[PDB]
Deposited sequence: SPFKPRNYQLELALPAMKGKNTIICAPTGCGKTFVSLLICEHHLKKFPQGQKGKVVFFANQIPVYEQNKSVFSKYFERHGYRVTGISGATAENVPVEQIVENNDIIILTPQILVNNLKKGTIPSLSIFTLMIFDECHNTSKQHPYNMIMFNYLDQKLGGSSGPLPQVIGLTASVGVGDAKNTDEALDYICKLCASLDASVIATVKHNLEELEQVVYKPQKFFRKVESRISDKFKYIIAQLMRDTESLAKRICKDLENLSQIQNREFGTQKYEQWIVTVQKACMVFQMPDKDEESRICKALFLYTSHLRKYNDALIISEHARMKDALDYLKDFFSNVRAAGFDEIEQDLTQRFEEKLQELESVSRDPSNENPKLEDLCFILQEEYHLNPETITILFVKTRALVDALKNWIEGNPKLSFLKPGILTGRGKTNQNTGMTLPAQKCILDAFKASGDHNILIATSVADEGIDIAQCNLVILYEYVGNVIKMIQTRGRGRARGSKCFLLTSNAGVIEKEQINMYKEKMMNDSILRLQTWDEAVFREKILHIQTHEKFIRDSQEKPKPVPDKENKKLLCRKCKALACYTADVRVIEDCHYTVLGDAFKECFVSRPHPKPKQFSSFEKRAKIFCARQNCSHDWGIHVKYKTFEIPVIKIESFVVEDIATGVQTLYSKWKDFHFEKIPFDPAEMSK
């Protein structure tokens, strides 16, 4: 929409000269505009009586929509036809002819992947230009790389057939698991080879101009020491062991109700354990599961508390708990809750003692405080964003600030104007000169007690430098030499790809059995299992329908050719294991099951085999026929 910056002009040059190029430029510097310039040029270069055809790949839906609107709006004067296909722009719309009848097409990559496989789009020769957004994803088995495997099979396999020009956009080509500066460079050449790029476009002549429009904060690291003696954790942990023991009383097999393993009190993974346990027990069986929901609620609160105590001050954790229980005994208040609240009360005074103890303060907070003093002394006109781990840590930090004499110059608020200069939050849901990551996940401070976090961070910094040095070096090579290297890397990768064919599994045609992984009851047999479109597995017969119950899906999805309309579970007395889903498929109401919800058992022997994915299950897979 607005007038091109000089670096944008510079970045679009190699592409406009027809070269396959990767445009590597910082986020928000305007690569999409560069792609608009390249696209405009590409379509305009064709003499009257010919046409180009441009395809643009967005890896995600929001990007897809944004660029559909942007490319549509930009190309109105030109009169070019602009449409796009997403997983929703389906399915009774003939894709081949949508490509025939358009000039610019925005695709999610999987769509091209599918139609290429199904033969409905015979060749990428239908395109004259392919633009890959987030092009650093063009590796391994990713959709981008499937598309490029098709390209390269056409280029190398000698089936010509003109090929389209290929350009990619990224903010970072990356280096992978490179340890030295030569492994990094080799990875980069591998990326170029995947995309058939012979040119990497970086800003070289307008650096000092690009610099002015880019958020590149000064990155700082302060490792902070965790609390020396912590007796708050010990007490709360004992409460959690207690209530877990209570929850096991109404649910014997509690330790096996969740897939999540080796939970630790006061961690995020414990929270995740909570969530999976609660979605496994849905509110006669409602009584057991409701009680279970109570226990796991209190366990959730305790987990929260531990985390608060870890990163804020024990007073904050204990306040949080006190308020929670004040809520419980003011909107409850049946036996289990009275019992739980009492068990808390029996420890309340010791917790109370341990909290107000000077030895039990958090030095981490002193560190953060210090950073705030210094920075607001160097510039009191400073706007800060303070990232914390949990919702509760937001409030803990806010109270801590409002009640800290040394920070009486900060007017805080959570997610302006006469007084809000620091905002505490969890996710970003740019105008802030000071960014602080206080135990999370222009200046930027990372504060953590975890040396591993810092280690990884310094590793990523070093990687960035290896990447930049490597690109710089690459760009000095004559294009011919580089194309020759690219050629032979591509030849090599192609050989590996074709040599490492499957081969077809050859099935064990013997009848095996299928039981609910949880309660081991008879679900069905393998001879009763049909495959729908290569990848989906259903079961035949009414005898199977007595073994599952249906229950409306939280989020109905319209995927491929199916219509997910229900979640399905075991029918037993309070198993209710997640078996899979129920779909409307074409005209049929059928169940679709996942192999991870079943134990396979050999009928003759009794041994039990376990399978994560149907890909790994090698049985006489009978193709599904409707009239049965």
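What's missing from the model if you number the deposited sequence from 1?
1, 285-291, 424-450, 465-468, 481-497, 685-687 are the stretches of the deposited chain that have no C-alpha coordinates in the structure.
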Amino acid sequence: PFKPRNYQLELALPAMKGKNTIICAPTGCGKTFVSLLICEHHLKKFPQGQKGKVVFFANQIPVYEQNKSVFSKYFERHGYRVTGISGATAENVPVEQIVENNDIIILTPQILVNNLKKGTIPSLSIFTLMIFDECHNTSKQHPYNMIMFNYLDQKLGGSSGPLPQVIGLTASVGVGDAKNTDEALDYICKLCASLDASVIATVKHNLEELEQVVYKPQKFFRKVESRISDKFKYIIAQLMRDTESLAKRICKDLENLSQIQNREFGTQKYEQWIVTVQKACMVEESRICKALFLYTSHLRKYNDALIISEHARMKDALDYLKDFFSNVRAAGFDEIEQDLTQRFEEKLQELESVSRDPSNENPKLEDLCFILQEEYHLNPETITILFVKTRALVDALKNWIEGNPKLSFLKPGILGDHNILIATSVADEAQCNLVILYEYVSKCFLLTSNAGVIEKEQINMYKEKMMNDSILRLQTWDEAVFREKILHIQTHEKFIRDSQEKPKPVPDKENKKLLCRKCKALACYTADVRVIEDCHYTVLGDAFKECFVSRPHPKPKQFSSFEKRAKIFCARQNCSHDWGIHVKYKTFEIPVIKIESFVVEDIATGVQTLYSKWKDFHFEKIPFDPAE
From here on, numbers count along this sequence of modelled residues.
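Would 475-483 or 536-544 have the larger average of its C-alpha temperature factors, as given in the entry?
Result of the comparison: 536-544.
Segment of higher mean CA temperature factor, 295-303 or 508-516
According to the PDB entry, the answer is 508-516.
Residue with maximal Cα B-factor (values as given in the PDB entry) among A184, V328, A237, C369:
Each of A184, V328, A237, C369 was compared by C-alpha B-factor; the highest is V328.
Tell me which of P380, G168, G84, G176 tops the list for C-alpha B factor in the record.
Of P380, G168, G84, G176, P380 has the highest C-alpha B-factor.
Comparing against every modelled residue in the chain, figure out the third that the C-alpha B-factor of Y462 lands in (lowest, middle or highest).
Middle third by C-alpha B-factor.
When the modelled residues of the chain are sorted by Cα temperature factor, does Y376 land in the lowest, middle or highest third?
Highest third, going by the recorded CA B-factors of the chain.
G158's Cα B-factor: lowest, middle or highest third of the chain?
It falls in the top third of the chain.
Chain-relative CA temperature factor third for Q48
Middle third of the chain for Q48's C-alpha B-factor.
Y440: which third of its chain by C-alpha temperature factor?
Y440: CA B-factor falls in the highest third of its chain.
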